[PDB]
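Colleague: Residue numbers (PDB author numbering), protein chains in the order written: chain A, 1 to 60, 82 to 154, 191 to 238; chain B, 371 to 493; chain C, 1 to 66, 139 to 150, 155 to 247; chain D, 1 to 156; chain E, 1 to 54, 63 to 170; chain F, 1 to 43, 77 to 95, 105 to 115, 120 to 138, 162 to 432, 452 to 479, 501 to 549, 562 to 568; chain G, 1 to 26.
Using N, Cα and C, we set each Cβ at its ideal position, and we do this for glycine too.
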Amino acid sequence: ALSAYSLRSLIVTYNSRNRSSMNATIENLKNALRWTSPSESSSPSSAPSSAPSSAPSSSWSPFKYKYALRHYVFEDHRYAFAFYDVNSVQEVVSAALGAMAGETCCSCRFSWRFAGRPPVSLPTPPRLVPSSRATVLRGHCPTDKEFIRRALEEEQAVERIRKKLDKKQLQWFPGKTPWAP
Amino acid sequence: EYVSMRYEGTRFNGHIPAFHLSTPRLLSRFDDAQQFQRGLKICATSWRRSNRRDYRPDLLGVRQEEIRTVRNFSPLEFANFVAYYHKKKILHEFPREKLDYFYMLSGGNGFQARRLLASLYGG
Amino acid sequence: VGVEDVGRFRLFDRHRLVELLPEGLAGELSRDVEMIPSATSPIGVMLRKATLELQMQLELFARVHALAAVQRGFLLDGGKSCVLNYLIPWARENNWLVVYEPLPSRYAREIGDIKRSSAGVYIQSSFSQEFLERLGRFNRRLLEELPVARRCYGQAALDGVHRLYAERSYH
Amino acid sequence: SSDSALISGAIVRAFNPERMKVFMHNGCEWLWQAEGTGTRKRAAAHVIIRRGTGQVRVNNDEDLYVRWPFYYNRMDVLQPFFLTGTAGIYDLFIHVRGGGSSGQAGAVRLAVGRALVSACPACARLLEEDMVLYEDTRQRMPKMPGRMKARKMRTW
Amino acid sequence: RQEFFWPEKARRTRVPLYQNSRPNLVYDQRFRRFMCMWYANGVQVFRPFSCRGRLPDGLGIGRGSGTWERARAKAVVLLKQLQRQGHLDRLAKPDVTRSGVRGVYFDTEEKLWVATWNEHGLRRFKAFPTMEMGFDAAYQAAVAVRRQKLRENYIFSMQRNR
Amino acid sequence: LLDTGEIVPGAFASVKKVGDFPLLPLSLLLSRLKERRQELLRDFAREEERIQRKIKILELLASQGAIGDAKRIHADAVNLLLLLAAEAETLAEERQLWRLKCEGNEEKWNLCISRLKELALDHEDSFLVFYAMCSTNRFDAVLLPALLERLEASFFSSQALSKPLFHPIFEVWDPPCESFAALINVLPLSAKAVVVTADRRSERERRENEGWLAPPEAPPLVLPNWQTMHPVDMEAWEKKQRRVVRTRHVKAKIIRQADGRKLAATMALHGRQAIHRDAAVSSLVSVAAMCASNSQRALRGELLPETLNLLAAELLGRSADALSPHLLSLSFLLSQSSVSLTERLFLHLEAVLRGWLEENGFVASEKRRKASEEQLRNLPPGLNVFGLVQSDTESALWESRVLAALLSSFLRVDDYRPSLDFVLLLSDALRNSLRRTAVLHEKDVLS
Amino acid sequence: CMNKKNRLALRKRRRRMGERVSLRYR
RNA sequence: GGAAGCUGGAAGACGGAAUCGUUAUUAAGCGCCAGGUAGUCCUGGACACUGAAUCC
RNA sequence: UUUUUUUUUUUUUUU
RNA sequence: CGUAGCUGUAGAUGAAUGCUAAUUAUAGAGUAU
RNA sequence: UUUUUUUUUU
């Protein structure tokens with residue numbers, strides 16, 4: 001049922017081409033917090049994604086026998102964030118997009134969950150007689202640790218399956234099969 | 371190592387299986403040990419002529435209750451082996467200080483112990 | 001001898017060992033004996049724990065024949157061949173007919189002869205003679221004394237195939 | 001016996017209860033369990049020491065001579081044990097990921113060396129003779145561009 | 001006989017030759033051959049023993073047995089022949105080089121005695137000085153380091169005629 | 001001897017037997033030590082070390107006695127256990166003073182365990198602790214596995230036969246010698262079964278009687294935060310350190326060793342040789358316990374059925390006088406395994422039951457009282473049986510438990526018919542009237 | 001793959017995939 | 001144009017003379033791919049393992 | 001691990 | 001991953017790999033001996 | 001540089 005859905009998690013990722021631009025986004029995102037209605041604001045976790053780089057090659082002045090070369094480095098930066106138990110969608114989605122500055126795109130990943138049959142059993146227990154014959194830190198997520206462990210395992214399972222299937226359907230000249238003609 | 375025309379396409383590249391011969395087949399049947407009312411048979415395999423790999427014991431004739439899996443020599447037995455060679459004038463000088471040091475090197479294996487001590491002076 | 005004596009070396013006479021094992025030493029022991037410079041030195045074999053468990057079974061098997141005793145072969149998997161240098165000589169000393177064959181592959185990776193037949197089993201005339209010649213070196217004086225049954229006279233083919241199984245090829 | 005009360009009474013509970021298992025004062029003075037890490041070339045290592053006179057297993061339940069068939073390689077990953085006298089007392093577990101044949105052997109020497117010092121501060125001065133704690137952070141130089149196919153391979 | 005050939009397509013080993021306790025003995029790992037070292041007149045000469053494969065059925069000792077232990081058995085019998093007969097046992101009057109033993113060289117920038125040697129890829133330098141000990145005490149200590157360090161790792165160094 | 005200068009080969013025909021006949025407690029041993037004090041004193078840097086410590090313990094043993111605990115609660123923790131262990135075994162207006170001393174010993178005995186486990190015992194102290202518990206019949210399911218490893222590693226050590234005795238004087242007045250080499254070889258057969266029949270289960274094992282239980286496999290849950298997050302510019306972070314700290318994920322796991330199973334296999338072979346020696350019935354009970362293992366021996370070798378068949382063959386051919394007393398222990402262990410020689414063995418054991426109960430007065453209450461006591465404590469050395477009857502107030506309180514377990518043992522068989530229907534009615538009626546007079562109170566109620 | 005280095009690589013690569021290619025010359 | 005089966009008696013054991021240079025994870029060997037927008041090099045670019053010696 | 005295995009190692013990652 | 005270790009063959013006087021009646025793959029087209 | 005199996009051998 002549509003009304004039974006709930007945003008389980010929202011992985012927010014960033015891709016910045018400059019060091020200063022990425023730092024500005026972190027400060028902007030933090031400022032948006034500590035201002036919601038609930039006592040503890042949503043505190044997402046950090047997860048760096050390395051820093052890919054690329055640098056092509058070219059011969060170097083024309084009319085030369087390739088004695089020198091000139092390279093052009095093109096670095097990059099990435100950042101990923103994790104969310105759990107996003108009760109307020111307006112106070113999270115708006116804050117993430119509003120923290121951008123300059124050429125810093127984003128890529129969200131929603132994750133819903135549907136509940137089955139609500140377990141409702143164990144009525145008032147029977148009884149007889151013998152016959153005589191708080192603790193919340195400052196910069197920490199308020200969600201329970203048990204919920205994160207259950208959701209974290211699911212993410213690791215989907216990543217393994219996608220990589221295995223993607224490798225199978227990866228060959229040169231798509232649509233070619235042996236002794237098909 | 372024989373060659374013939376009994377290959378199943380590419381199963382042997384035109385070779386005669388060893389178990390298909392006369393003499394090897396006579397000593398390649400363990401399930402017939404029940405007919406031996408006088409005695410019994412026994413076999414062992416320890417050399418490196420071929421990689422054992424999985425070495426399925428169920429599809430060969432023996433059972434899981436008749437396999438004796440030995441282990442590496444214990445430290446007590448290792449000391450005796452070294453001392454035995456000394457009486458034979460095999461080694462030159464084997465100080466007691468390095469007696470236990472060599473145990474970790476070869477791991478106590480018989481094949482690795484005799485070869486390691488033979489190449490070097492030992493100890 | 002017993003549980004108290006484990007991992008000890010038993011001296012063996014050079015001359016007595018050759019007679020007891022005319023074919024040769026069990027396993028790769030021949031590579032370790034040549035290293036000794038002394039020619040009159042004895043040969044020693046370690047008594048591993050694996051031999052004690054196997055030796056006890058043989059003792060009970062002999063006494064019964066005079139369903140508790142084992143009536144099947146064993147298998148050593150994993155120093156598995158080291159015990160053969162001590163179990164065979166001991167059994168032969170107790171009036172036991174032991175078939176010795178440390179190198180059975182010699183009849184399959186050497187110069188020989190093969191003749192195809194209808195039974196589908198290749199024979200080796202050259203290697204067939206060596207099997208009996210080597211077995212009779214030490215097992216003599218007993219085969220001749222042993223009688224021969226009359227119920228198994230001649231029901232084997234030229235290639236050793238049974239009459240019932242050989243005639244099936246012509247069906 | 002008042003001196004022992006202040007020393008033995010402080011190690012228990014309080015700051016660090018891990019240091020509670022010892023083998024007398026003289027002769028072993030080694031901790032029950034220890035850890036060490038070593039890095040050499042494009043590889044890493046994680047060696048842990050535990051009480052026991054068992055064999056040596058690297059990974060995937062295999063022997064030691066399989067990874068290092070050469071004699072010189074096996075001696076380098078066991079030099080500290082001989083000097084310290086722990087030839088047949090403590091176990092050895094080597095875990096590595098990446099590198100080469102002799103590249104992984106060097107990482108073990110640094111990893112195991114840093115574990116013995118933690119288990120016994122006193123048993124660290126004698127290991128400086130062979131330069132066990134010394135490492136090599138330097139790596140291979142890059143291939144310069146231009147005409148030289150290799151680092152300094154000239155051409156006609 | 002004194003040529004140290006290095007095959008192109010082969011595995012490089014850190015210690016090609018392994019030193020043994022016996023003076024007149026050395027094991028070669030490159031060709032898995034056993035050799036004996038002795039000074040003859042002036043030069044080092046060896047007697048390589050074959051270890052490759054190809063008979064009586066009594067015992068696998070001697071004759072045509074293509075076993076790795078044949079070379080070891082052939083070396084022990086030959087060692088006693090030289091000592092018993094006393095043909096060639098005599099000290100190496102042949103010198104190594106100008107700077108005493110091999111591997112030791114004098115310093116050019118000042119008075120020092122450098123003794124370089126590899127050990128598990130590492131190396132040492134500096135060694136002992138010469139001005140603080142003269143040209144006699146310092147020289148004696150320089151040679152003592154090489155001989156002492158070679159007895160632990162079992163490293164054999166070939167002596168060159170020049 | 002042969003003419004070639006060697007031992008005659010005919011001598012090596014059969015296998016020798018084992019002893020393990022004598023068995024004494026730690027009570028009479030101390031009395032002899034206190035008498036031979038003037039003769040034991042007759043006996077380099079290390080010269081003083083082996084003498085200074087070696088004599089201080091002799092005078093003390095006879105740390106201020108059995109008083110001054112807590113504060114005092120190294121070999122100090124080991125010698126203290128001997129005083130407490132020996133004091134408890136001494137038992138085997163008046164109930165007021167005695168209870169005060171008995172309670173103190175029990176409370177202090179358990180307290181010493183906490184400090185003992187926190188420190189790994191040496192080879193010279195592991196055996197002493199284990200031996201003391203056997204005499205006092207006070208084992209631990211948590212401490213037994215830990216001490217079993219030490220006795221195994223040192224047993225197979227290179228310096229086993231050449232090494233001299235341990236310096237505690239306990240080994241001086243001992244039959245065996247040669248340090249731990251021959252000490253364990255002459256171990257009583259009663260104590261040998263403990264190693265083989267050792268429970269290696271943990272507390273998490275609850276999927277058999279309790280119910281469902283999901284075990285965890287991820288204690289550590291490392292989660293980052295905002296205050297301890299790595300900076301964006303990680304390249305400069307590595308340049309601000311003295312040495313390499315962060316490294317690829319490389320962690321080494323722990324591999325379990327034999328855990329004492331290697332030593333147990335050697336001990337199992339000793340019981341096999343002690344069957345065809347025509348020994349006492351009490352000594353033969355230990356052989357069955359080892360052969361009836363379910364978690365150590367497994368079925369690697371084909372020796373379990375062979376040993377069991379031989380044991381049954383010798384047991385069948387025995388007089389009823391020596392077999393009647395020993396019926397609960399033998400039947401309890403022999404019923405846990407199935408073999409071909411099962412029906413024949415049980416038929417003989419059933420006949421003696423008819424005469425045993427009839428002669429004891431079972432269908452003059454002193455005949456039935458003394459008989460039960462011998463079967464409950466005297467016979468069973470350290471065994472723990474169905475419902476934990478293990479080695501009387503008014504009437505029919507202790508004897509009922511013995512009879513309750515006996516019936517279940519005969520009905521456990523899985524080879525043929527347990528017994529006759531007539532026997533069941535007779536057996537049921539035997540205890541029917543006995544349980545009627547079982548005091549219709563206190564904690565002494567059948568749980 | 002003109003030289004003996006690159007050309008022999010193709011034959012060795014196929015040997016690890018469950019095929020047998022003669023090796024011998026080149 | 002690239003590779004492969006079969007077949008195979010293409011031209012080579014000459015010269016210890018001489019010219020191109022390496023500041024040690026240098027030198028000497030061996031193995032892998034990224035781009036060149038279908039295939040298409042023994043050169044160039046780029047990574048990893050074994051890795052000795054000398055008076056520089 | 002005495003009913004356990006049946007074995008060579010790479011150039012990004014358990015944040 | 002390659003020279004592995006290990007281990008069978010001939011401890012090669014004879015291991016040079018180009019020439020071609022003939023097919024494998026990309027491409028719209030690379031064909032004739 | 002290459003392993004057996006769906007059953008018809010006293």
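Pop quiz: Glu34 of chain C and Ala135 of chain E are said to be a contact at Cβ under 8 Å. What is the actual Cβ separation, rounded to whole angstroms?
Modeller: Along the third sequence, read from residue 1 onward, the residue named residue 34 of chain C stands at position 34. Along the fifth sequence, read from residue 1 onward, the residue named residue 135 of chain E stands at position 127. Actually they are not in contact, since the Cβ atoms of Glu34 of chain C and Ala135 of chain E sit about 46 Å apart, beyond 8 Å.
Colleague: Taking the Cβ atom as the reference point for each residue, do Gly470 of chain F and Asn206 of chain F lie within a distance shorter than 8 Å?
Modeller: On the sixth sequence, residue 470 of chain F is found 382 positions in, with the first residue counted as 1. On the sixth sequence, residue 206 of chain F is found 137 positions in, with the first residue counted as 1. Against a cut-off of 8 Å, the Cβ pair of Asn206 of chain F and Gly470 of chain F comes out as a contact.
Colleague: Between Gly106 of chain D and chain E, is any beta-carbon pair separated by less than 8 Å?
Modeller: If you number the fourth sequence from 1, residue 106 of chain D lands on position 106. So, interface residue.
Colleague: Among the residues of its own chain, which have a CB less than 7 Å from the CB of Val113 of chain A, if the five just before and after it don't count?
Modeller: Your numbering for residue 113 of chain A matches position 92 in the first sequence. Contacts found: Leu10, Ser42, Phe104 and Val107.
Colleague: DSSP three-state call for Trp236 of chain A: helix, strand or coil?
Modeller: On the first sequence, residue 236 of chain A is found 179 positions in, with the first residue counted as 1. Reduced to three states, the DSSP call for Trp236 of chain A is coil.
Colleague: For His98 of chain A, report the span of its beta strand (DSSP E) as first-last.
Modeller: Sequence index remark: in the first sequence, residue 98 of chain A carries index 77 (1-based). Segment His98 to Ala103, the beta strand (DSSP E) holding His98 of chain A.
Colleague: Classify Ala34 of chain D as helix, strand or coil using the three-state DSSP reduction.
Modeller: As a first step, residue 34 of chain D must be located in the fourth sequence, where it is residue number 34. Strand, per DSSP.
Colleague: Quick one: is the Cβ of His128 of chain E within less than 7 Å of any heavy atom of the ligand GTP?
Modeller: Looking for the ligand GTP in the displayed structure turns up nothing, as the structure carries no ligands at all.
Colleague: Could you pull the start and end residues of the alpha helix (DSSP H) that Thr376 of chain F belongs to?
Modeller: By one-based count along the sixth sequence, residue 376 of chain F stands at place 307. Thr376 of chain F -> alpha helix (DSSP H) spans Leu373 to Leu385.
Colleague: Along chain F, in chain order, which residues have C-beta atoms closer than 8 Å to that of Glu53 of chain C?
Modeller: For the purposes of this step, residue 53 of chain C is taken as the residue at position 53 of the third sequence. Within chain F, the residues near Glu53 of chain C are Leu338, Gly370 and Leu372.
Colleague: Quick one: what does DSSP say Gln478 of chain F is sitting in, helix, strand or coil?
Modeller: Position 390 of the sixth sequence, counted from the first residue, corresponds to residue 478 of chain F. Strand, per DSSP.
Colleague: Using a cut-off of 7 Å between C-beta atoms, extract the partners of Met131 of chain D located in chain E.
Modeller: For this step, residue 131 of chain D is matched to residue 131 along the fourth sequence. In chain order: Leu130.
Colleague: Any chance you could list the alpha helix (DSSP H) runs of at least 4 consecutive residues sitting entirely within the region 235 to 273 of chain F, in chain order?
Modeller: Qualifying alpha helix (DSSP H) stretches, in chain order: 249 to 252 and 258 to 265.
Colleague: Please name the residue or residues paired with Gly44 of chain C in a DSSP beta bridge.
Modeller: Translated into the one-based positions of the third sequence, residue 44 of chain C becomes position 44. Its beta-bridge partners are C:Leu11.
Colleague: So, does the CB of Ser21 of chain E fall closer than 8 Å to a CB anywhere in chain B?
Modeller: Here residue 21 of chain E corresponds to residue number 21 of the fifth sequence, with the count starting at 1. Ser21 of chain E counts as touching chain B.
Colleague: Using a Cβ-Cβ cut-off of less than 7 Å, list which residues of the region 220 to 245 of chain F approach chain B; keep chain order.
Modeller: Within the region 220 to 245 of chain F, the qualifying residues are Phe225, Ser226, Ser227 and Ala229.
Colleague: Hey, quick one: how far does the beta strand (DSSP E) through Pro165 of chain C stretch, first residue to last?
Modeller: Here residue 165 of chain C refers to the residue found at position 89 when the third sequence is read from its first residue. Note, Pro165 of chain C: premise wrong, no beta strand (DSSP E); alpha helix (DSSP H) at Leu160 to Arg168.
Colleague: Taking 8 Å as the limit between beta carbons, can you name the residues of its chain near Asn541 of chain F, skipping five residues before and five after?
Modeller: Translated into positions along the sixth sequence, residue 541 of chain F becomes position 432. Same-chain partners within the cutoff: there are none.
Colleague: Assuming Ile84 of chain F and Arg50 of chain D are in contact, meaning their beta carbons sit under 8 Å apart, how far apart are those beta carbons, in whole angstroms?
Modeller: Residue 84 of chain F sits at position 51 when you count from the first residue of the sixth sequence. Residue 50 of chain D sits at position 50 when you count from the first residue of the fourth sequence. 34 Å between Cβ atoms; not a contact.
Colleague: Near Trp133 of chain A, which residues of its chain fall below 7 Å by C-beta distance, leaving aside the five closest residues on each side in sequence?
Modeller: Here residue 133 of chain A refers to the residue found at position 112 of the first sequence. Cβ neighbours of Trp133 of chain A beyond the five flanking positions: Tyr5, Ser6, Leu7 and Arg8.
Colleague: Please classify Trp236 of chain A as buried or exposed, where buried requires at least 16 other C-beta atoms within 10 Å of its C-beta.
Modeller: As a first step, residue 236 of chain A is located in the first sequence; it is residue number 179 there, counting from the start. Flag for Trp236 of chain A reads exposed.
Colleague: So which residues on chain F does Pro48 of chain A lean against when the C-beta distance must stay under 9 Å?
Modeller: Reading the first sequence from its first residue, position 48 is the one you call residue 48 of chain A. Near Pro48 of chain A (Cβ distances below 9 Å), the residues of chain F are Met298, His299, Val301 and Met303.
Colleague: Per DSSP, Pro48 of chain A forms a beta bridge with which residues?
Modeller: By one-based count along the first sequence, residue 48 of chain A stands at place 48. In the DSSP output, where bridge partners are listed per residue, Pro48 of chain A has A:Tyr100.
Colleague: If you measure from the beta carbon of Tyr72 of chain D to each beta carbon in chain E, is any gap under 8 Å?
Modeller: As a position in the fourth sequence, residue 72 of chain D is number 72, starting the count at 1. Output row for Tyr72 of chain D: interface = yes.
Colleague: Would you mind sorting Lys177 of chain F into buried or exposed? The rule is 16 or more other CB atoms within 10 Å of its CB.
Modeller: In the sixth sequence, residue 177 of chain F corresponds to position 108, counting from 1. Label assigned to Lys177 of chain F: buried.
Colleague: Less than 8 Å separating the beta-carbons of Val350 of chain F and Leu379 of chain F?
Modeller: What you label residue 350 of chain F is simply residue 281 of the sixth sequence in a count that begins at 1. What you label residue 379 of chain F is simply residue 310 of the sixth sequence in a count that begins at 1. In this structure, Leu379 of chain F does not lie closer than 8 Å to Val350 of chain F by Cβ.
Colleague: Would a check of beta-carbon distances place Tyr491 of chain B closer than 8 Å to chain E?
Modeller: On the second sequence, residue 491 of chain B is found 121 positions in, with the first residue counted as 1. For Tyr491 of chain B, the answer is yes, since a Cβ of chain E falls inside 8 Å of its Cβ.
Colleague: Kindly identify the DSSP beta-bridge partner or partners of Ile11 of chain A.
Modeller: The residue labelled residue 11 of chain A in the question sits at position 11 within the first sequence. Bridge partners of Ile11 of chain A: A:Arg130.
Colleague: Using alpha carbons as the reference points, say which of B:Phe451, B:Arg419 and B:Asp401 lies closest to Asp428 of chain B.
Modeller: Residue numbering aside, residue 428 of chain B sits at position 58 when the second sequence is read from its first letter. For the residues B:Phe451, B:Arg419 and B:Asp401, the minimum Cα distance to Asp428 of chain B belongs to B:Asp401.
Colleague: Quick check: is the beta carbon of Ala55 of chain A nearer than 8 Å to any beta carbon in chain D?
Modeller: Against the first sequence, residue 55 of chain A aligns to sequence position 55. No - not a single Cβ of chain D is within 8 Å of the one on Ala55 of chain A.
Colleague: How big is the Cα-Cα spacing for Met75 of chain D and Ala138 of chain F?
Modeller: Position 75 of the fourth sequence, counting from 1, holds the residue named residue 75 of chain D. Position 92 of the sixth sequence, counting from 1, holds the residue named residue 138 of chain F. Distance between the alpha carbons of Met75 of chain D and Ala138 of chain F is about 59 Å.
Colleague: Got a sec: is the Cβ-Cβ distance from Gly478 of chain B to anything in chain C below 8 Å?
Modeller: As a working mapping, residue 478 of chain B is identified with position 108 in the second sequence. With 8 Å as the cut-off, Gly478 of chain B does not count as an interface residue toward chain C.
Colleague: Taking the alpha helix (DSSP H) that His192 of chain F belongs to, which residues open and close that run?
Modeller: On the sixth sequence, position 123 is the one that residue 192 of chain F refers to. Note, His192 of chain F: alpha helix (DSSP H), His192 to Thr205.
Colleague: Applying the 10 Å Cβ sphere with the 16-neighbour rule, what's the burial state of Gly379 of chain B?
Modeller: For the purposes of this step, residue 379 of chain B is taken as residue 9 along the second sequence, with counting starting at 1. So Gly379 of chain B ends up on the exposed side.
Colleague: Name the DSSP beta bridge partners of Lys191 of chain C, please?
Modeller: Along the third sequence, one-based indexing puts residue 191 of chain C at 115. According to DSSP, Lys191 of chain C bridges with C:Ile199.
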